[PDB]
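Residue numbers (the entry's author numbering), protein chains in the order written: chain H, 53 to 140; chain I, 3 to 32; chain D, 69 to 211; chain L, 54 to 210; chain A, 16 to 758; chain B, 2 to 148; chain C, 2 to 81.
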Amino acid sequence: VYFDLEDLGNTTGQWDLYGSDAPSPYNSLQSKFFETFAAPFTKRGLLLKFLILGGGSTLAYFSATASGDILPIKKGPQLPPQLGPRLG
Amino acid sequence: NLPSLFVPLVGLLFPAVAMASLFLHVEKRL
Amino acid sequence: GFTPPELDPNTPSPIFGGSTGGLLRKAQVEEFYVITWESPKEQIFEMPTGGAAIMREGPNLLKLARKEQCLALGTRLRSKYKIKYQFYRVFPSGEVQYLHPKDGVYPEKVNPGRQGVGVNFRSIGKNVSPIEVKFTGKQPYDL
Amino acid sequence: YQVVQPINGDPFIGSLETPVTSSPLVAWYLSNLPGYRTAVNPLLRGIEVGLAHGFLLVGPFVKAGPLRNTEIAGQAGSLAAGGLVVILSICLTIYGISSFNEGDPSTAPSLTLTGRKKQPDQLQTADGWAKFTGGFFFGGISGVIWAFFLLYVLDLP
Amino acid sequence: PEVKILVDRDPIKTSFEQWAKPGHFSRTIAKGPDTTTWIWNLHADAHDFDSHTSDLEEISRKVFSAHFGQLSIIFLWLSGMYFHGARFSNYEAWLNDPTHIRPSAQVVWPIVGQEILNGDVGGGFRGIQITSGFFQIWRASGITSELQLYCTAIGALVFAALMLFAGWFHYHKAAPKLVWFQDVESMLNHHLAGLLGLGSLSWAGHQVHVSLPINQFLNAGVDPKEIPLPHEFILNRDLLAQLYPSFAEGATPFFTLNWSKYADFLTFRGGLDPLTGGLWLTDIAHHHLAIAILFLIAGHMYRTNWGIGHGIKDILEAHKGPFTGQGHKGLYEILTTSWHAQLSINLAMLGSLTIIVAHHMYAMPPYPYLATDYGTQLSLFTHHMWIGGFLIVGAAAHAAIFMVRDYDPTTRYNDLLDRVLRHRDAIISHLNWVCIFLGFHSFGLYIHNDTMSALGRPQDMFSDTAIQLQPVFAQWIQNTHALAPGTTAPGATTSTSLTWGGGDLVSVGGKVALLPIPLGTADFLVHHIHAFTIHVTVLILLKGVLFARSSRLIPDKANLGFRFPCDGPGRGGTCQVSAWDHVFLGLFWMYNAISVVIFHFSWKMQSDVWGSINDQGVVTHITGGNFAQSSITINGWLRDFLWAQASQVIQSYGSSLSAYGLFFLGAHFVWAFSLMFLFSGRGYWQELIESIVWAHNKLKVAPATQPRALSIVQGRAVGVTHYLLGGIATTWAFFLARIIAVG
Amino acid sequence: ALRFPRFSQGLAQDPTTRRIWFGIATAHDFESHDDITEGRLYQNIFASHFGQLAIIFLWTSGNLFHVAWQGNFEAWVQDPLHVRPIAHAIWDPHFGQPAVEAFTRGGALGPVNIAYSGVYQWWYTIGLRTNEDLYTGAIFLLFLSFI
Amino acid sequence: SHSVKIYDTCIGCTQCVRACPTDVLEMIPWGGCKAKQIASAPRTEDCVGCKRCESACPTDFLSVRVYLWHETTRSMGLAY
Ligand code: CLA
Ligand code: CLA
Ligand code: CLA
Ligand code: CLA
Ligand code: CLA
Ligand code: CLA
Ligand code: CLA
Ligand SMILES: CC1=C(C/C=C(\C)CCC[C@H](C)CCC[C@H](C)CCCC(C)C)C(=O)c2ccccc2C1=O
Ligand code: SF4
Ligand code: SF4
């Protein structure tokens, strides 16, 4: 039935509409490849520290070692400075 | 040279760490 | 003494094609409500959530998401049609809680088995100034 | 005969069944996406989602970024895509930290559209989501690297 | 079952007794005022007929007489227009030099120095330049002397009298019956063939006898006083044959089917007449003839009393599919019971039609010397746009009213409407997402361009010179239009409009009339802005309509009425949940859409079309083609459009345009005045009026009608009314000053 | 308590997003927080005053530091009416080359903003003359913010 | 949940209970007024705060008072 005080998951529609529940289509060897090389990244706390610090240091490297050919802010002004309305 | 290190450190890394840490504290339960 | 009717599952529900105003995850993990009524015949009635539904003849059961939806539908069942109605609350555990009509008598009709709750015995303007309840967990109306 | 029917035969659940929702092509295709493979190690599903999204993100950043016309460094704009994967891997990580606790079970449905009992998807578990973030990150950076690895004999490089 | 005339005799007595009783129509208002709120309600419920009674017949008769009163007022307005053209105008001087004379039909009295507004308009006339375009209409019709305008004004006054009398008659005397109003088939038959068909035929008959010959003589340069009277073309057909030879036959090719002879004055040449700048009058007369035939045929679809014909009920019921259930069954009973449903449909369609008129009249100037009167054209376009927008908002309002008051599935059910209600959530969520996507992908591009131009990166903008977003589809469509004459339109001699066909620039009197309109990245961005604003307006109004009865927040919203403030501070807060407040917000958003539309029109016309043409063919536009580079930026719209073109209105003091300079600031004032109401609530104002009442009662001068602050709904109504008035009048003054000075 | 905000149980037990907003907007309303007393009220006010003073000292300290580092104070003393004082330096990677060109003024090497607070005239009138004097005042105020 | 209180100025017209859309008010017997009945708020956990009861009280000043307090899922009117 649709209203059953026993199982309220079926009464309130707590179903899996598009869940397959089938076995893995990913063959072996391939999965073990990813399960051993993506293994240290599956500690959410360690991944969080690794992402923040690693990403921040990566950003700090590419920002501290920027180039004038890439960023106009590092190239600086190439023209002689202008003259203010009255002052320098 | 120092702006090339501290400007991203306060406009990118600092808000990233601040928003993530405040998110964890606000959503935390006891 | 009054005994509330227990909620009987497998009770027929009105004919309806379905609408987007129905239950959500709140019904799955938080709570939902169920209103029941008798009705004499097959009729059409406006749904408090969407369009129109066909009220089945004989016992009817209708599950809604909010309590206000139940009382609003019940009030229309009592006005347009002449139908008595009850509704309950259902927790995800399967427990059922009877709500209205609490005494079996409608709340607008005085009933001798009722106790006072939150009834202050003074004029509304006789409350105290907020300074007299400062640094306490009190309010000038809780007393 | 009508096409639109209530969601799984229940009219009082807030949804409907339409060719967009309930159709053999849509049902099969969604049931075969890695996010809906409720019986597979979430690390692998993360690898696939990460590989697909990291590969896709390189295109817009390279072709629309600031260095797009400076072909000396525009191809390296995949770094921006890689940085977003890093940021998204943080968003994914911080999400699971707040959503699921260590000892908490799965919050996924333990039922089927036909009523039979089912084993809940381990993705809505703390360790399952951690594997998905780790898989999405590994596949993500791998998708960005593999996309940048290709560059030539394409009409929009 | 047999369509026939049905009226009642003397249903309501004619007396002044109910004149002297304010609020007689309402049962609560008739007791007189206890507080001042009464005074407002009397005007708010003055035209709410279906709330005064529940009898559909009384309502229908009231509506009929109200229509007659409206027609009387419109005829009085037209009488005033023609009379001012005859008595206080320089139309005879504009008729001799239409390219130099400014059209004027209002002269002010000299009392407090306002005679400065009587500016030099040419032809020895001091007055106010008019932009309504009545001069162009009167010239196209063939009117020459002030006497004909006098006679037209007198006829319009007589017709206003007739309409007023008929309004009194069909309510107090022979008042029609309900079934008479409900004979929809007969009514649509008479409106398609009798009203529109015979009307188009009558106008085509006038155009082939008066407009064409008199306008030929006007184009030839003949003096209007030396032009023969129109009726002289109906007596001596030699006069008509000397201009159009086919009139020498005498309706013989029409009956013998040799219609190819009539191609002299019934042509399909298209484009514009290069002497006047308007569409070829022969083409317009041929058009009205074709429209007359089409409508005279269409007025026979619906059955009445002779078996043949359709019944709309069957046509509706027969249209049901697998997605919509038994759709359309029940709609015939709905649309023959609810006035508000018909009003919603007709307001929507008439407003969209007014917008279509606004486009078609600028792209295909129908009247002679209209295309070069830049003031008249801009004013006509903007006015019709505003009319259409308001009417569509009203369509939304009355749809919601029907939902609240006339909808009932237990009596008059319809499957389509019920299915729409059963997924209003999906509809509104999808429209919401579309609106967000369009807001990002139109205005966000403007913000991108502003931030790139400010950072010294003009190549990282979205421009015709940088990242291009060409409207390829519209360009290809206008190109296909350009090549249609002679291919997919062999009878057409030139293009449908001049904005299509490449080349073929028409100019009149040193000013350009029309030329091919460019379409670039700016046009793309602006069109997407228009789509986005239209979508958000539709979202507001439709969401108000669909959720008028019930919602997850308030499941009994229909009981609260169509027009109610809120339902309390609870549930987090329930302010502006009524459908009325949805119309209230849709007003602001319709304003926000139409304003951008008309600003687009103004800048485009002043940049890429309107201007001065040389003797050798050098065209310099009013603004130097600055639309492509300046309008792709918000700062460009602020600087190169507002700041630059508001000069005329902020410099008009001391000239005949100083009234526009005054209205500019006055409309600014009332617009900001609305913000007091829109930002505040009536509780504070009532608490202030309390102390003011203390002050009054201290001096024995407090009124019996206890003062009360405006209602919440009235607060919002006043706010939106003043906001709209201020904004629209500001743009009105700005546009008129700018285009009359630089035109 | 149990979660944010720890000072309001009714806000913490809010199941909606309203919990966060009202937790921020009521952080300094000490009298409405749970289990507040007259002692805790005056004491939190006292410490908030010290924190404010620390904010003010740190803010002025930073102003001195940038005027002494990227500013014009030493050059401005020589020409008080012909030198545009410098607030700080601009380092925005979104700048185009012309943005770097047009913003390089006041006699600096990179793009700079022209200070419009009047601290140059203020500091010159009170006796500060060299960038070294501004560095000394910044350290003292940084130390004052510390105490 | 929102707090609701009934003061003894109540005349017992049962109007607050009729206007309540979530069945929070009740009519209990009393000896103070003529109708032998006063109002009470035993189910403020379902109270939404619409103040539809205060809009219907004929007492001056009001005899029903709704003091909006700590918001809950029930008091916010959420169906989700
Ligand atoms: C409230 C005072 C203040 C203010 C408003 C600023 C503002 C600014 N500083 Mg600065 N700074 C300050 C004090 C201040 N600073 C102090 C006391 C020092 C040490 C002497 C520095 C050293 C410094 C350097 C080396 C640089 C800047 C730079 C900048 C600019 C870029 C933003 C940035 O990098 O963040 C500021 C970065 C810092 C390291 C300063 C934070 C450290 C001090 C002790 C403040 C304490 C922070 C604390 C953890 C949280 C404070 C609480 C709250 C008040 C914010 C910016 C306009 C960069 C620039 O020039 O842009 C082109 C740059 O290169 N600052
Ligand atoms: C307030 C601090 C701040 C800073 C320091 C930057 C800095 C930068 N922005 Mg950004 N931006 C900001 C705020 C900021 N932005 C805000 C608030 C907005 C919203 C309006 C934007 C919106 C914005 C847009 C739309 C774009 C930028 C772009 C850029 C880059 C252009 C310069 C360049 O070509 O470098 C080099 C260009 C590269 C592609 C190299 C990328 C640099 C590496 C990959 C960084 C590595 C990230 C690291 C691993 C993880 C970082 C997060 C971590 C701290 C958690 C630059 C590095 C542009 C861009 O990113 O180019 C695609 C651009 O498209 N910004
Ligand atoms: C341009 C906008 C605007 C204007 C004109 C006003 C005007 C006024 N405000 Mg107001 N206010 C505004 C915006 C505005 N506000 C906004 C945005 C807010 C934030 C919500 C407020 C919030 C606010 C508060 C809280 C209060 C006021 C008050 C007042 C009144 C002060 C009394 C006074 O100065 O004498 C009169 C000044 C005038 C400008 C009146 C001009 C209109 C004259 C009478 C026109 C004459 C009529 C003429 C015949 C035209 C014919 C019209 C025809 C159609 C009939 C005054 C009428 C205070 C008040 O009520 O005073 C007791 C009050 O407490 N305002
Ligand atoms: C050929 C027949 C005919 C014609 C010409 C009209 C014309 C008109 N009808 Mg009408 N109608 C007709 C038949 C006709 N109707 C039939 C058979 C029915 C069903 C029984 C209706 C029911 C109906 C309703 C319910 C309404 C109209 C309305 C209108 C007016 C619409 C406003 C407008 O378009 O302004 C244009 C103005 C003009 C075209 C000026 C010409 C007006 C002339 C003088 C009227 C002559 C037509 C009239 C039917 C002849 C009888 C009058 C005679 C006894 C003196 C319009 C003048 C609306 C209305 O009442 O407006 C006041 C409206 O509410 N009609
Ligand atoms: C043929 C078109 C048409 C018709 C017949 C109706 C008819 C009706 N409308 Mg409706 N409406 C329309 C178009 C129309 N509307 C449009 C285009 C809009 C969009 C703005 C609306 C929006 C609307 C709303 C929101 C409401 C109605 C309502 C009503 C009903 C009551 C009308 C009333 O008594 O108000 C009385 C009229 C007044 C009090 C006059 C108000 C003064 C105006 C607003 C400002 C005047 C400015 C003026 C144009 C220029 C300034 C001059 C000044 C300086 C002197 C009534 C049956 C009301 C209702 O209750 O529905 C049942 C309702 O609330 N309408
Ligand atoms: C300038 C004032 C303003 C603005 C910006 C908006 C903006 C918006 N309104 Mg609104 N409105 C306004 C005034 C305004 N309104 C007023 C005065 C009223 C009273 C009548 C209304 C009444 C109203 C209603 C009734 C509705 C809206 C809706 C909307 C949204 C439409 C969806 C959209 O366009 O997505 C796009 C977003 C924008 C166009 C805003 C600018 C976004 C920029 C360009 C992107 C920048 C992003 C950047 C990276 C930020 C990061 C920086 C970081 C460091 C913080 C939109 C966000 C509708 C809605 O809810 O959406 C469906 C709707 O229902 N409005
Ligand atoms: C020394 C001065 C002083 C002090 C000690 C206080 C102290 C207090 N005020 Mg108060 N106030 C002050 C001045 C002061 N005020 C002034 C000058 C005003 C006029 C603006 C107000 C108006 C005011 C109001 C209306 C209220 C208080 C309230 C309060 C109490 C609680 C404040 C709170 O916790 O909310 C926290 C405050 C915030 C979270 C600030 C957030 C809002 C800010 C303005 C947004 C920042 C602006 C913008 C985003 C930044 C720039 C934009 C960027 C792009 C550059 C508290 C005891 C509240 C109260 O408890 O009433 C009983 C109350 O409602 N104050
Ligand atoms: C100002 C304001 C008021 C007060 C506005 C009032 C009271 C308008 C009425 C003012 C007029 C001038 C009173 C009518 C005076 C009579 C015409 C008699 C005058 C005598 C002769 C001069 C004609 C509100 O009531 C209100 C309500 C809700 C939201 C915002 C507001 C709001 O902002
Ligand atoms: S505020 Fe509304 S829900 Fe609460 S007691 Fe009053 S009427 Fe009932
Ligand atoms: S509305 Fe007021 S007077 Fe009437 S029963 Fe309720 S509390 Fe008593």
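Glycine residues also receive a C-beta, built at the ideal position from the N, C-alpha and C atoms.
Pick out whichever of the options has its Cα sitting closest to the Cα of residue i.
i, options, result
"residue 5 (chain I)", "B:113, B:97, B:38", "B:113"
"residue 319 (chain A)", "A:382, A:17, A:286", "A:17"
"residue 159 (chain L)", "L:152, L:175, L:210", "L:175"
"residue 739 (chain A)", "A:467, A:433, A:603, A:431", "A:603"
"residue 480 (chain A)", "A:537, A:532, A:28", "A:537"
"residue 482 (chain A)", "A:596, A:535, A:695, A:195", "A:535"
"residue 429 (chain A)", "A:138, A:690, A:343", "A:343"
"residue 61 (chain C)", "C:5, C:3, C:4, C:10", "C:10"
"residue 197 (chain A)", "A:524, A:642, A:350", "A:350"
I'd like to check one pair, residue j with residue i: are the Cβ atoms closer than 8 Å?
i, j, result
"residue 91 (chain D)", "residue 140 (chain D)", "no"
"residue 216 (chain A)", "residue 159 (chain A)", "no"
"residue 193 (chain L)", "residue 142 (chain L)", "yes"
"residue 141 (chain H)", "residue 7 (chain I)", "No information on residue 141 (chain H) is available, as it lies outside the stretch 53 to 140 that chain H covers here."
"residue 41 (chain C)", "residue 7 (chain C)", "yes"
If residue i sits next to residue j, beta carbons under 8 Å apart, how far is it from one beta carbon to the other, in whole angstroms?
i, j, result
"residue 286 (chain A)", "residue 100 (chain B)", "50 Å between Cβ atoms; not a contact."
"residue 83 (chain B)", "residue 128 (chain H)", "At roughly 24 Å, the Cβ-Cβ gap does not stay under 8 Å, so residue 83 (chain B) and residue 128 (chain H) are not in contact."
"residue 598 (chain A)", "residue 411 (chain A)", "6 Å"
"residue 378 (chain A)", "residue 292 (chain A)", "In fact, because the Cβ distance is near 13 Å, the residues do not count as touching under 8 Å."
"residue 345 (chain A)", "residue 230 (chain A)", "Actually they are not in contact, since the Cβ atoms of residue 345 (chain A) and residue 230 (chain A) sit about 52 Å apart, beyond 8 Å."
"residue 586 (chain A)", "residue 49 (chain C)", "5 Å"
Is residue i near ligand 5, with its Cβ less than 7 Å from a heavy atom?
i, result
"residue 731 (chain A)", "no"
Report yes if the C-beta of residue i is less than 7 Å from at least one heavy atom of ligand 4; otherwise report no.
i, result
"residue 218 (chain A)", "no"
Below 7 Å, is the gap between the Cβ of residue i and the nearest heavy atom of ligand 7?
i, result
"residue 26 (chain B)", "yes"
For ligand 2, any of its heavy atoms closer than 7 Å to the Cβ of residue i?
i, result
"residue 95 (chain B)", "yes"
"residue 141 (chain L)", "no"
Let me check you understand the geometry: is the CB of residue i closer than 7 Å to at least one non-hydrogen atom of ligand 9?
i, result
"residue 3 (chain C)", "yes"
Could you tell me whether any non-hydrogen atom of ligand 10 is closer than 7 Å to the CB of residue i?
i, result
"residue 185 (chain D)", "no"
The stretch 10–19 of chain C in contact with the stretch 535–555 of chain A per 3-pair CB rule at 8 Å: no
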